[PDB]
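2 protein chains.
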Amino acid sequence: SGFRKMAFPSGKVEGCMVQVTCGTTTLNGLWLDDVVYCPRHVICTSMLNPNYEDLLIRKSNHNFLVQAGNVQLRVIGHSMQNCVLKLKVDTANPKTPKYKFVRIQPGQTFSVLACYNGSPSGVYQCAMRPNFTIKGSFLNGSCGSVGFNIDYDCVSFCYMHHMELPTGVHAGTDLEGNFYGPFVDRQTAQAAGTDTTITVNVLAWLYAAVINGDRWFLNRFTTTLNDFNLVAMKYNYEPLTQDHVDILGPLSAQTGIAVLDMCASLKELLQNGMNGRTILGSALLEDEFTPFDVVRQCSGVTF
Amino acid sequence: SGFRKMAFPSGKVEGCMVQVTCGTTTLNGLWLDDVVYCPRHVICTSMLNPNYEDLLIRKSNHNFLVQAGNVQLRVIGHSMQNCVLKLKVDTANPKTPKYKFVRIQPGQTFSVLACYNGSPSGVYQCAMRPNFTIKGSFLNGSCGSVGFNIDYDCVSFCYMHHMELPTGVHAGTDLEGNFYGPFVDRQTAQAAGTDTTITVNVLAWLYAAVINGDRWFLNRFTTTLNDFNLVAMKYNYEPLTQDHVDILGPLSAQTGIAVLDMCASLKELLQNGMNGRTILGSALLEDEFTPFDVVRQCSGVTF
Ligand SMILES: *[C@](O)(C(=O)NCc1ccccc1)[C@H](C[C@@H]1CCNC1=O)NC(=O)[C@H](CC1CC1)n1cccc(NC(=O)OC(C)(C)C)c1=O
Ligand SMILES: *[C@](O)(C(=O)NCc1ccccc1)[C@H](C[C@@H]1CCNC1=O)NC(=O)[C@H](CC1CC1)n1cccc(NC(=O)OC(C)(C)C)c1=O
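Top to bottom, those sequences are chains A and A'. A prime marks a further copy of an entry chain.
Numbers 1 to 46, 49 to 305, taken from the deposited numbering, label the letters of the first sequence in order.
Numbers 1 to 46, 49 to 305, taken from the deposited numbering, label the letters of the second sequence in order.
In structure tokens, the structure reads:
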């Protein structure tokens, strides 16, 4: 038993991490087969309004210093993939895992391997927020650090780090170089929109608390999907859908507590607070665990 | 910027993890050079009051099934090291990192690589509590999962998992097989003692909040080490020492806030609560970040 914010084991990703330098700019790259992926802004030098097309036409293969430990990698081709650069190199990464590029949805979680100069510093879990930001831990040099999920032996890469927004939250792309959210890889006035609480996740985490013997917030009441959503909206909670109710099925079954019964507990925590009590060691309602995360950790699925 | 519960990259440990079976009992082992370490209780079968000396005398090398992926490992020697078993095997782990066995102190943090059947499931950070338990996430089969720190390229192994106590907290040994706390690898009446809050860690985390621009709890007041400890004791907080004050030095310098000034903020949070506000996204005072953890993550030290 017990319930922790758990990241995927990072080894498979650590073996893909390289350093990419243009001029005085160093950041991280991801080396899979004979390609290195990094943020295209590695090629910026002065950048309120740069033209990346121009900047990339003016680069040559030999301008890109790529380092895998010591072993320098020779770049033999380059191309822009939206906001990512694909650096074709002369050698296929022998440590390349089974992998795929997947875009995630707001509410889904992934592990981040925070890297500096191609070197892994640490691993943590976060969620894609409803406003397409992530609440990460990123300093100067973390650009190109990636977010990922693991299923069996297969790494699903879902995020590459690009920037910090004024509120201290983070924005990036999928590995096809397409931004999550209305953000651009330029210095502009851009700010995170208003964020909401991921309702289905809070419900998953209340199920986790029950599976772990934290039961104090449970009540005999049930509510309707509509009367619940009436209260949720009031507190800046995402609407809950029949699809969400269906996804919470396995946890409903494991605990024998109907989803709409748990929604009655959530409505009451939203109206009355926790009255100086905690749930799974937290004094606030946690929303960065998906239904899958709770099943994975309360069942002991390995990779 | 940002501040997250960050684990060490786990790759170096993932390559050491093996499966160990005696009879119907399977758990995890740690394979370094030509030795596999696991909990000695792998040899129990019926165990209110077993004699392990007897149990081990009656085992043979061929009774121990050791599996590194598929590749079965041939056991050519065995011996008991306190509550750990050392299984001498015919082949040195080619993935053996630079490593050492270090015992940690209550208040210190480490990463856990939770494993099932020799396979890594996930990685999270926790602290050795003042009562020598850890608040982990462990199910049937997690025994032999290890706790570790990384410095440069060197893995300091500090914990091996053995059991869950009645309150849903976890107990284990160092890698020399010596228990943390007054616990034994038998079924008995044993329970965690009363736990305390790790004061020096709460202060480190308030420094982290300041470095991240969370400043609302700061005040113009200072307090004495003695008048602080008078309030702390009242709230089940560990006493703070001049050594603790000296360890918080670098964070004092970085923020220009004297330790005893921060203690005035902590005294006020203890007497008045947070008044429905949060610090680094928490509604309670966090005590599982060491001064080192805050410097490591607010400076971007890699491994
Ligand atoms: C990324 O470029 C990076 O890590 N680059 C390598 C590097 C940078 C600086 C010094 C040495 C090496 C960073 C990652 C950032 C740094 C701070 N935290 C992060 O997550 N990304 C940027 O600096 C990013 C590049 C833009 C997308 C093309 N960028 C540029 C300019 C401004 C900001 N942010 C900003 O102004 O935020 C506030 C909070 C307002 C200070 C930015 O992220
Ligand atoms: C460990 O032995 C293990 O993982 N063994 C392999 C295995 C066990 C069961 C089924 C298949 C394979 C476990 C780890 C435990 C399991 C649950 N959470 C954990 O952290 N350790 C034990 O089971 C431990 C062995 C004792 C030290 C020699 N043990 C034995 C008996 C009782 C308990 N705990 C217990 O009763 O806790 C409560 C909360 C009271 C149920 C125990 O941990």
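All C-beta atoms, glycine included, are put in the ideal place defined by N, C-alpha and C.
* List the residues of chain A' that A:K236 touches, going by C-beta distances under 8 Å, in chain order. => Stepping through the first sequence from its first residue, residue 236 of chain A is reached at position 234. Per Cβ cutoff of 8 Å: no residues; A:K236 is ~17 Å from chain A' at best.
* With C-beta atoms as the reference, is A':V13 less than 8 Å away from A':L115? -> Position 13 of the second sequence, counted from the start, is the residue given in the question as residue 13 of chain A'. Position 113 of the second sequence, counted from the start, is the residue given in the question as residue 115 of chain A'. Yes, they are a contact pair.
* Which two residues bound the contiguous alpha helix (DSSP H) that contains A':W207? -> Reading the second sequence from its first residue, position 205 is the one you call residue 207 of chain A'. Taken as a continuous stretch (DSSP letters only), the alpha helix (DSSP H) holding A':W207 covers 201-213.
* Asked: Regarding A':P122 and ligand 2, is the C-beta to nearest heavy atom distance less than 7 Å?
  -> Your numbering for residue 122 of chain A' matches position 120 in the second sequence. No; taking the cut-off as 7 Å, the Cβ of A':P122 has no heavy atom of ligand 2 nearer than that.
* Asked: Are A':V42 and A':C22 touching if we call contact CB-CB under 8 Å?
  -> For the purposes of this step, residue 42 of chain A' is identified with residue 42 of the second sequence, where counting begins at 1. For the purposes of this step, residue 22 of chain A' is identified with residue 22 of the second sequence, where counting begins at 1. Yes. Within cutoff.
* Secondary structure at A:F159, three-state DSSP: helix, strand or coil? -> Position 157 of the first sequence holds residue 159 of chain A. Residue state, collapsed to three classes: strand.
* Asked: Taking A:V86 as the reference, which of A:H163, A:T190, A:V296 has the closest Cα?
  -> For this step, residue 86 of chain A is matched to residue 84 along the first sequence. Here the closest residue by C-alpha is A:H163.
* To do: Spatial neighbours of A':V148 within its chain, please: CB distance less than 7 Å, with the 5 preceding and 5 following residues excluded, ordered by chain position.
  => Locating residue 148 of chain A' in the second sequence gives position 146, counting from the first residue. Same-chain partners within the cutoff: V13, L30, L115, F159, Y161, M162.
* If we count the other Cβ atoms within 10 Å of its Cβ and call it buried at 16 or more, is A:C145 buried or exposed? -> Locating residue 145 of chain A in the first sequence gives position 143, where the first residue counts as 1. Buried: at least 16 other Cβ atoms inside 10 Å.
* To do: Use the C-beta contact count for A:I78: other C-beta atoms within 10 angstroms, 16 or more gives buried, fewer gives exposed.
  => Along the first sequence, one-based indexing puts residue 78 of chain A at 76. Per the 10 Å Cβ criterion, exposed.
* Asked: A:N142 by DSSP, collapsed to three states: which one?
  -> One-based indexing of the first sequence puts residue 142 of chain A at position 140. Note: A:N142 maps to coil in three-state DSSP.
* Per DSSP, which one or two residues make a beta bridge with A:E166? -> For the purposes of this step, residue 166 of chain A is identified with residue 164 of the first sequence, where counting begins at 1. BP columns for A:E166 point to A:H172.
* Does any CB atom of chain A' fall closer than 8 Å to the CB of A:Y118? -> Residue mapping note: residue 118 of chain A aligns to position 116 of the first sequence, counting from 1. Closer than 8 Å: yes.
* Asked: A:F291 lies in the alpha helix (DSSP H); which residues open and close that run?
  -> Counting from 1 along the first sequence, the entry for residue 291 of chain A is found at position 289. Taken as a continuous stretch (DSSP letters only), A:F291 belongs to no alpha helix (DSSP H), as it is neither H nor E.
* Asked: Relative to chain A', which residues along the segment 204-224 of chain A have a C-beta separation below 8 Å, given in chain order?
  -> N214, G215
* Expressed to the nearest angstrom, what Euclidean distance is found between the alpha-carbon atoms of A:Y118 and A:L177? -> Counting from 1 along the first sequence, the entry for residue 118 of chain A is found at position 116. Counting from 1 along the first sequence, the entry for residue 177 of chain A is found at position 175. Cα to Cα, the separation comes out at about 19 Å.
* Determine contact between the segment 167-176 of chain A and the segment 252-267 of chain A, defined as no fewer than three beta-carbon pairs at a distance below 8 Å. => no
* To do: Could you tell me which chain A residues have their CB closer than 8 Å to the CB of A':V125, listed as they occur along the chain?
  => As a position in the second sequence, residue 125 of chain A' is number 123, starting the count at 1. Here the neighbours are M6, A7, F8, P9, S10, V125.
* Asked: Residues bridged to A:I152 by DSSP?
  -> Translated into the one-based positions of the first sequence, residue 152 of chain A becomes position 150. Bridge partners of A:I152: A:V157.
* Which of helix, strand or coil does DSSP assign to A':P252? -> Counted from its first residue, the second sequence places residue 252 of chain A' at position 250. If DSSP states are grouped into helix, strand and coil, A':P252 belongs with the helices.
* Asked: Is A:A194 closer than 8 Å to A:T135 when the C-beta atoms are compared?
  -> For the purposes of this step, residue 135 of chain A is taken as residue 133 along the first sequence, with counting starting at 1. For the purposes of this step, residue 194 of chain A is taken as residue 192 along the first sequence, with counting starting at 1. In this structure, A:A194 lies closer than 8 Å to A:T135 by Cβ.
* Asked: Which chain A' residues sit within Cβ distance under 9 Å of A:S147?
  -> Position 145 of the first sequence, counting from 1, holds the residue named residue 147 of chain A. Result: empty, since nearest Cβ-Cβ is about 11 Å, beyond 9 Å.
* Proximity of A:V91 and A:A7 at Cβ, strictly below 8 Å -> Here residue 91 of chain A refers to the residue found at position 89 when the first sequence is read from its first residue. Here residue 7 of chain A refers to the residue found at position 7 when the first sequence is read from its first residue. No. Outside cutoff.
* Along chain A', in chain order, which residues have C-beta atoms closer than 7 Å to that of A:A285? -> Along the first sequence, one-based indexing puts residue 285 of chain A at 283. Within chain A', the residues near A:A285 are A285, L286.
* To do: Would you list the residues sitting across from A:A116 in a DSSP beta bridge?
  => As a working note, residue 116 of chain A is residue 114 in the first sequence. For A:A116, which the question treats as bridged, DSSP gives the partners A:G124.
* Go ahead and label A:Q19 buried or exposed: buried means 16 or more other beta carbons lie within 10 angstroms of its beta carbon, across all protein chains shown. => Start at 1 with the first residue of the first sequence, and residue 19 of chain A comes out as number 19. The residue in question, A:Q19, is buried, as its Cβ has 16 or more Cβ neighbours within 10 Å.
* Check whether the Cβ atoms of residue 47 of chain A and A':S139 lie closer than 8 Å to each other. => Examination of chain A shows a numbering gap from 46 to 49; residue 47 of chain A is inside it and therefore has no coordinates.
* Asked: Between the Cα of A':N221 and the Cα atoms of A':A266, A':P252, A':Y101, A':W207, which residue gives the shortest distance?
  -> Here the question's residue 221 of chain A' lines up with position 219 in the second sequence. The residue with the shortest Cα to Cα distance from A':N221 is A':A266.
* Asked: Considering A:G2, what are the terminal residues of the beta strand (DSSP E) in which it resides?
  -> Walking along the first sequence from the start, residue 2 of chain A turns up at place 2. Element bounds for A:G2: n/a, residue is neither H nor E.
* Asked: Using a beta-carbon distance below 8 Å, is A:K90 in contact with chain A'?
  -> Within the first sequence, residue 90 of chain A is the residue found at index 88, counting from 1. Contacts with chain A' at 8 Å (Cβ-Cβ) do not include A:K90.
* Asked: At a cut-off of 7 Å, is A':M235 close to ligand 1 when judged by its beta-carbon and the heavy atoms of the ligand?
  -> By 1-based counting over the second sequence, the position of residue 235 of chain A' is 233. No, the beta carbon of A':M235 sits no closer than 7 Å to any heavy atom of ligand 1.
* Asked: Does DSSP classify A:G258 as helix, strand or coil?
  -> Taking the first residue of the first sequence as 1, we reach residue 258 of chain A at position 256. Coil.
* Asked: Does the Cβ of A:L232 have 16 or more other Cβ atoms within 10 Å, making it buried, or fewer, making it exposed?
  -> For the purposes of this step, residue 232 of chain A is identified with residue 230 of the first sequence, where counting begins at 1. The residue is exposed, with fewer than 16 neighbouring Cβ atoms inside 10 Å.
* **Beta-carbon proximity check, A:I200 vs A:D289, cutoff 8 Å** => Taking the first sequence and counting its residues from 1, one reaches residue 200 of chain A at position 198. Taking the first sequence and counting its residues from 1, one reaches residue 289 of chain A at position 287. Against a cut-off of 8 Å, the Cβ pair of A:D289 and A:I200 comes out as a contact.
* To do: Report all residues from its chain with a CB closer than 7 Å to the CB of A':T198; omit the five preceding and five following residues, and keep chain order.
  => Sequence index remark: in the second sequence, residue 198 of chain A' carries index 196 (1-based). The beta carbon of A':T198 lies closer than 7 Å to those of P132, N238, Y239, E240 in the same chain, with the five residues before and after it left out.
* **Against chain A: residues of the segment 128-144 of chain A' by CB proximity under 8 Å** => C128, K137, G138, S139, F140, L141, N142, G143, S144
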